[PDB]
Amino acid sequence: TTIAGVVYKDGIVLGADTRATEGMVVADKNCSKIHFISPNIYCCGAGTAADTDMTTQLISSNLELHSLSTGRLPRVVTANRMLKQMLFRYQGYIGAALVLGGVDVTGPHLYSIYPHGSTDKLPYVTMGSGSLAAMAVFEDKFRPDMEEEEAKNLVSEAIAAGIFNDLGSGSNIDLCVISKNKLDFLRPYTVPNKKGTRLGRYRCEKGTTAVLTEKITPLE
Amino acid sequence: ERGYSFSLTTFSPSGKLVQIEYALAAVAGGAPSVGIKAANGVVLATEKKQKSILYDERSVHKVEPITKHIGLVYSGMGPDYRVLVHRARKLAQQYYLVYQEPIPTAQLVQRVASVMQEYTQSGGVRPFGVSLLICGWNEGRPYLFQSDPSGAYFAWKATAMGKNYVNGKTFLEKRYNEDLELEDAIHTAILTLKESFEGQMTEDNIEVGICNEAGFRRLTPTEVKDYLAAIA
Amino acid sequence: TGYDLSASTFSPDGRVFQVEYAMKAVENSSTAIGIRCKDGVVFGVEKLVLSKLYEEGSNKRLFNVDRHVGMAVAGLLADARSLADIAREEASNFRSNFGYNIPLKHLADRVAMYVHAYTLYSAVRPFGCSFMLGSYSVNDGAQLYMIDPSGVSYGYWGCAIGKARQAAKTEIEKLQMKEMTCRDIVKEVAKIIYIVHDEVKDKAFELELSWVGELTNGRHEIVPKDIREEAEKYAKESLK
Amino acid sequence: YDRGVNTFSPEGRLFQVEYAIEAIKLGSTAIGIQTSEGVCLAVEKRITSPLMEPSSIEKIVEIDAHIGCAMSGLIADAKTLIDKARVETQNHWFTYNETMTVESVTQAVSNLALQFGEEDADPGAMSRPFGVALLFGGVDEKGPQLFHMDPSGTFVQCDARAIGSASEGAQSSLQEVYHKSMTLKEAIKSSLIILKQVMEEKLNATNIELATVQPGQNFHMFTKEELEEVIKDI
Amino acid sequence: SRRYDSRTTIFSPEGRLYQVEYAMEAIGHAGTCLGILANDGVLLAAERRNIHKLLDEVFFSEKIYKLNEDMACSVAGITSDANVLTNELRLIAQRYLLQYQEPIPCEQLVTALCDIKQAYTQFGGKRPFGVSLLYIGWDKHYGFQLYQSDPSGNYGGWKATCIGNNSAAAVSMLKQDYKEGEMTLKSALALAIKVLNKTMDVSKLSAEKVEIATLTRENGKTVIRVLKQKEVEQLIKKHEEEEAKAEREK
Amino acid sequence: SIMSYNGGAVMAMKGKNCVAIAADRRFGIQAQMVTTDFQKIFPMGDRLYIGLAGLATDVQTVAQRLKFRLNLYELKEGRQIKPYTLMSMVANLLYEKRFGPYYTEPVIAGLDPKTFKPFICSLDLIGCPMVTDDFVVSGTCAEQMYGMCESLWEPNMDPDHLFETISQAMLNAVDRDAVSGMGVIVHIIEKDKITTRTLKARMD
Amino acid sequence: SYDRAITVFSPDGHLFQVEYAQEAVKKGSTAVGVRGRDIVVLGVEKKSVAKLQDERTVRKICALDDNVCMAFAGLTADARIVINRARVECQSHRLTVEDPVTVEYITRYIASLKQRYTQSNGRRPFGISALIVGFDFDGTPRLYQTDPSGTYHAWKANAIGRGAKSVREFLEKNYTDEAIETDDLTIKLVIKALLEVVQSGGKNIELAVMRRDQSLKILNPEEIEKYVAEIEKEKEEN
Amino acid sequence: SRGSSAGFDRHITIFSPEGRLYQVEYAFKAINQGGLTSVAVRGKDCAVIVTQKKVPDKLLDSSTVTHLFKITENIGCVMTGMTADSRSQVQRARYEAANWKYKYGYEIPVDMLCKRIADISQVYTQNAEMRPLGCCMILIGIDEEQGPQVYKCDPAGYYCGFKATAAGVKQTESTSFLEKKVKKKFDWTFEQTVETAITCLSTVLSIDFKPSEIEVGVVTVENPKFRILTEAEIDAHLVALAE
């Protein structure tokens, strides 16, 4: 519930948390909040995870069809406009708030998309429940035309702040860098949180539990 | 728009779909193409004979991909090929959306066959005037499918559609091996294409696609002419 | 057969004989002429008097399709009425969707597209009517577009549709209509229509004449009666 | 095939409707007589074999308590129109608390008639015209009434009409023996004798269906005993 | 459209239906299909015509498909019609399975298919499906049971029947050499080999020219087994041996 | 609360290369128990089980429709279902009712048909894919089950220790829950067999 | 979308499509129906016995309810769909009336279906003539015959299909009131009527009988054999 | 003299015995029925469409009979065949281009527009209930990463990329002129391209056309909006080629 994106000197850097929770307890610590769309387009989704996943899948399929028909690389713009119109047709009932980053023929682009269908092209965007911490980090330590490592560190710090100041994000950070030339997608970018081992290991063997009936059906 | 509800394709007294036979005749009269299988991939080749060089032979493409792992070529009418490949792309995208896994080539060919059958048995339409050679890779295996305007399909290790297609088939049978490599498949395909080109093939006039475990990809004229030079 | 049965098929050469027969059906009808000048567009249409029991102004071949656009028709008059209804519907849609009166160029383009759209399917037949639309604007001037039953619309300094269309065109060529005065052009239209009318072929006849232009405050209207008699007298004198 | 369902003749009429009229004369013979004391309908059953039950062979149908109908032609096609007429009469009653007039029933039947085509309306519609001539006898506020419904939709109000296999000639003879001041008994006697004369086979109670509508009584169909009572004098 | 319609969904002056007649005639020269019933199973023999060496032949079966968990089908005629027919049959069989939580009876499924085929002949203006179907299956009510259906929409239940070329000769061979109620799987298989050898005498019995399928009921479970190429070779060898023995005894 | 209307508890964890999936057996209205032999784990393949939790009617309907489309797919395609494809297909099925969602949170467990690599995943009422290597749980017992698993689960477990762990997990997660329990059914899918067991749980 | 008028009036108002459907009915199999004073009997020639065939699936006599049954003559597939539609109509009537169905009403709505297919667009009528047997509420036997033209008429006895006219003309002269008093005489009459049609006489024939609301059953092959023997016994003495 | 026909093979677009579509191939000569020839060429950085302007009568406003249509700002087009069909195809192309612009956020590439129009034409060819729009369109544009582009659809629908082509009565003669010109010269600048475009029409049709007797459109990479040459430019190019 903490995703962010930024444009640096070359292209786009996207980052996301991993604490996918339903209700109030953590349901997963390895959510894939940075969806692939095109070899030059990624999008980070927040909100209803099923809706975000279906939206990203539909957009990826539509841009696959478009790019393969036109013989050109997909455009962040054609993705942003499709997302806008599709969400506006459903009047925001698709609980998906998206950060669409990519690199196209006209240059790197970053867009913020709201579930009602509103979109905006901004150099740095944050989204999700923990969006405010990352937004503050960006407002504090953002510069125009930053280097690759500077952008990576800035996004990492923003995700760390969102993780540590929100109760719906954590347990990992995912990064994806798109440029005019290279696309990197490093999921376990940095694991700022570890787990101590169980000090007293408690194991059981057969005969510790009571079973009523056994039914073996060997397969081949 | 009203739409005719009577099928233009009808059973002849002998039961033969003479309209489908005429469609296959149009396929034969169209530009020839060949497809061949290797032990680890599929190669599709075809010739694009335009008019005089005023046509930008580079601008237009004949070999077309459906997915990253499926490509195809046609023998027949380009107008039908465009709509057919567009619909096949839509079907593959819909399957990927539904099942979050790449389309199997067999299932894609089955869907294309169903579409062709719907065209042939429906009203107000014309049967498609193309024969599709479809290359695909999935589960670490190659697949090459013949699809006819009649709507049927087959898994063919080698095939040749168009003019002199029976002789191309015989030549492929003679020059086909069970355990050949992709290099041998390319040699055989280019050999058949030059044996049935009728007019001194060129790298621009030959367009080839290769499908293997790395996906489907169309060879650019550079390595195209490289292989023509290596094959003589 | 097979090449002249429907509008959805070509002749072995690639012709549309149904549209050619529509052209015949619009040619054999009564004459209808439209002359645009620098300060107006006039229409004079020839009315066949089947019997004197009819009213003057009955079965008008002149329709008023927009607040400023007229329509002089020839061919099947029921078809012409239907096309005038379609034209005024299109004008109403444009006015509703854009807040102002439709320009004649786009009006004619849309109507011709509609006419051509009913020349593609075997489920319909091409219109048996040709029609000239004249309009005026403060920024555009006087405009006149003629439209064929096939669906082709062109701007005409002066056009004629019907039997004596070519004769009307040729004798009116002496007029430099592109910079003439609408009032006197009305009288010259009366003249040309009287000469091109064949009294022996049609002993009984009537004239419906109208204009639209700057003198109309840019709204389509019929000729006032007094100008009607004066133009009739001029035409009688020109008959010699 | 080739010719459509909406095709006229060179002289300007539907040869499909002409064929329907021909099928009308191919139909069974029926007679209807309207008098000042009611109206009577009769029809020849045309029994094919004695095994066929006379009960299921009835060309006279009740539209309402005051309306009877005689059908000639495609008797299978006539029952759908009869059902429509009855439901329309009952709708009129449900709407206006009164029995539907016979003339309005006939007009509505005409509205249903000649409504068919290939692609002219909803696909679930008629393809061919009704091939049945009808005689609507009834009693309403205008006294006894009798209407000849032509499959053409040219409904007629007629005092007496004979239709079917022996329509013409028999109708002229019935007119000659018909008067403007006949009683109901005279009307039934005349209709019965004309039908007996025009019968193609030796008729009896099992060869004819008879019904009447009276100003006082409802629509009553003559059973066998009264049929024999009225036919023994003729 | 009156002149240019094909009007394939109307009657004929003599009362026949030319479209279904032509479909049956095309099926006659189409491939060979045979179905037979045994006391412990039902067997299918399908003949494949296009046998070019360029075939990948990776499929388990070409004209034999599996309609549902406990029923198999053999198609005769247009394979493209066969594919859409087969997946429609699978769809409706699974529909019955969903609706009743019970395997769909073979008679039920055949009646449904014949209903849809009859309606498609009845109207729609389209050329009928010129494919004959031969269904085998097992059910709670009748167990092993096989039907032959026609493009006209008519079906029949048989102990054994064949479609394709020399259909009359094949059915005569069945009527002569089928032991009703006493046909084991082995003797049924031998009769099937005999028919495959005889009803298509041109291009005498070949392993790759035909495909063989069996349907049995083991432990309350319907098992559909496609005999492999080595199995078909074993059948050919057994047929040759038995024919040689019969001729030598003759 | 609609998913707690009938109650439910399903879990699945991975072994060394085997899988364990377990479920409660109690079926009843919010208040009274009707049946204690209800089946909540259904085979979508020879080496692939699926557990469903939530509204009982939606469980049954979703299972029926899933088996429908799965059987159609496998008959059309000729291969046993791949677990990832099954999970994606059921997720799509749930998403098809975005405005009419089935109040069910399912889990899918099994082995790769050719690799036998353990696979487990979870969904929600909309059908959100959730693939987690260690374990996935669903039902009204969610908190108890998560707490149990996040300390009882270890990587690379033999089938017997896997069964013991999942059995203890279900027993000790349902004995502290009121709308679930009354018997636990456990399926252990090993490389070459499956073992179905009923635990000796408290029936009340 | 398919709405081409198939059934149109030919010259002289003759429905040539109806005539062709009648031709198909005539070319179809032979069936007969008798309405005895106590029972109703249907007899169908199982022509082309074609051994190794499960005749259960081809049985042309099908029961619609506990008191209604029908035997067709014509197209087997159209007969099957009409039987399905008649099952639908009988069940719908039973639901909406909670009373036993009526034979005449069933036949009437089937006739209305046939007439709708004659009057419909893009459709052809059902090339089958149906003999509907049944019993009313009071146990009154009912025998009706409907034709593809849509006309249905009640008959004491009749025949449809191949040889229908010859059989019905034989039955109109062989039919007497005292000849249908008991099931034995009714069965013998039907068997001797169909004997002139079927060459085998006993094995290419099938008989069904319905009593007054007594769960109609199909006649046993042994009963058919012994009754053909009985009619031969009558023949030798007469 | 026994003008027999083979049923409906020669009457509606159904498969002929020779594997041909008769009503599709009639469209090729339906193009010729228009009696007008339109020839388009592309330079290294420019594309020029040159089309003779027919004036059958002075009595019509010849200033309003211009047959060059701007599909978008940067896409111009010209058609041959039925003029009503040409107007309909121009309207459809404008609709599709605008729809692409809205649905995809950037101007439609000319190749994709031609592909869409060709698919729409294949719709007519496939269906047996519509006239297959016997009109040919040729469109121009300026494309990033690929340069100036000219495409041409057809009632049959088989389109292709090309340096130069023509549609009309003398399209074959224009094709021959293009063959000889490409075999003679290769390097083309803007003025050489426009001079060759004028030379094609002049050599092929041999009219010595007046300045008002043609209509010419150009797309250049200085203001990629499609712009139509007026009388001044027409006369300038005419005298430049003459000298």
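Residues numbered from 1 in each chain as written, not as in the entry; some residues may be left out. Chains lettered and ligands numbered in written order. Part of a larger assembly, values for the part shown. Heavy atoms only, no water. Residues with missing side-chain atoms left out of burial classes, pairs and counts.

Listed as the method for this PDB entry is cryo-EM; the listed resolution is 3.6 Å.

With the PDB entry as reference, chain E is termed Proteasome subunit alpha type-4, source organism Homo sapiens. The record lists the entry's title as "Co-chaperone Bag1-bound human 26S proteasome in SBAG1 state".

Looking up chain A in the PDB entry gives the name Proteasome subunit beta type-7, with the organism given as Homo sapiens. Of the comments in the UniProt record for chain A, the one headed Catalytic activity reads "Cleavage of peptide bonds with very broad specificity." (UniProt positions renumbered as here; feature names shortened; annotations may be inferred.)

Caption draft 1: View of the sheet that holds strand β2 (residues 38-44) of chain D. Residue and element names in this part refer to chain D. Spatial ordering of the open sheet is given by β8-β1-β2-β9-β10, a layout of 5 strands whose pairing is antiparallel. The open sheet has two edge strands, β8 (160-163) and β10 (219-221), and neither has a second partner. Along the sheet, successive strands turn relative to each other by an average axial angle of 10 degrees, direction set aside. Looking at chain direction, strand β1 (residues 30-35) and β2 are connected through 6 bridges and run antiparallel. Following the sheet pairing, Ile31 is matched in β2 by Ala42. Here helix α4 (residues 167-176) sits on the sheet in contact with β1 and β8, set at roughly 155 degrees to β8. (Pairing = 2+ DSSP bridges. Helix = DSSP H or I, 4+ residues; strand = E, 2+ residues; numbered from the N terminus. Axes fitted to C-alpha atoms, helices over the stretch in contact; angles between N-to-C directions. Contact = heavy atoms within 4.5 Å.)

Caption draft 2: Broad picture of the arrangement of the chains. Take the 16 pairs of chains in contact: the one carrying the most contacts is chains D and G. Separated throughout, chain A and chain D approach each other most closely at a C-alpha pair spaced 33 Å apart.

Caption draft 3: Here's a closer look at the sheet that holds strand β6 (residues 141-147) of chain B. Residues and elements named next belong to chain B. Here we have 5 strands laid out as an open sheet, ordered β3-β4-β5-β6-β7, and antiparallel in their pairing. The two strands at the open ends of the sheet, each matched to only one other strand, are β3 (64-65) and β7 (153-155). Looking at chain direction, β3 and strand β4 (residues 70-76) are connected through 2 bridges and run antiparallel. Across the sheet, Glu64 pairs through a bridge with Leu72, a residue of β4.

Caption draft 4: Region of the structure containing a nonpolar patch on the surface. On the surface, a nonpolar cluster with roughly 320 Å² of combined accessible area is contributed by F:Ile2, F:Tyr5, F:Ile29 and F:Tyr103. For F:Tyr5, the location among the structural elements is in the segment before β1 (9-14). (Patch = residues over 30% accessible without salt bridge, like charges linked within 9 Å, V, L, I, M, F, W, Y side chains within 5 Å. Areas by Shrake-Rupley, 256 points an atom, 1.4 Å probe, with all protein chains shown as cover. Salt bridge = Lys/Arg side-chain N within 4 Å of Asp/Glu carboxyl O.)

Caption draft 5: Region of the structure containing the interface of chain G and chain D. Taken residue by residue, the interface counts 32 residues in chain G and 31 residues in chain D. Interface area, chain G with chain D, both sides summed: about 2,900 Å², of which 55% is carbon and sulfur. Applying the counting rule to chain G against chain D returns 2 salt bridges. Ionic pairing is found between G:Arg4 and D:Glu118, a salt bridge with its closest N-O pair at 3.5 Å. On inspection of chain G and its partner chain D, the count reaches 18 residue pairs in polar contact. Elements represented by at least two residues in the side of chain G that touches chain D include exactly α3 (103-119), β8 (152-154) and α4 (164-174) of chain G. Considered class by class, the residues forming the side of chain G that touches chain D number 12 nonpolar, 13 polar and 7 charged. (Buried area = accessible area lost by both parts, 1.4 Å probe. Polar contact = N/O pair within 3.5 Å; in protein donor to acceptor, adjacent residues only side chain to side chain. Nonpolar A, V, L, I, M, F, W, Y, C, P; charged D, E, K, R; others polar.)

Caption draft 6: Here's a closer look at the interface of chain F and chain A. Taken residue by residue, the interface counts 36 residues in chain F and 33 residues in chain A. Interface of chain F and chain A: buried area, both sides summed, is about 2,900 Å²; carbon and sulfur atoms make up 56% of it. Summed over the shared surface of chain F and chain A, the result is 3 salt bridges. Residue A:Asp51 is joined to F:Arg98 by a salt bridge in which the shortest nitrogen-to-oxygen separation is 2.5 Å. Taken together, chain F and chain A are joined by 15 residue pairs in polar contact. Those elements giving two or more residues to the side of chain F that touches chain A turn out to be β9 (130-131), α3 (142-152), α4 (159-174) and β12 (194-199) of chain F. Ranked by residues supplied to the side of chain F that touches chain A, first place goes to α4(F) with 7 residues. Partitioned by chemical class, the residues of the side of chain F that touches chain A number 14 nonpolar, 9 polar and 13 charged. Strand direction decides the pairing type here: strand β13 (residues 211-216) of chain A and β12(F), joined by 5 bridges, are antiparallel. Across the sheet, residue A:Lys215 finds its bridge partner in β12(F), namely F:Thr196.

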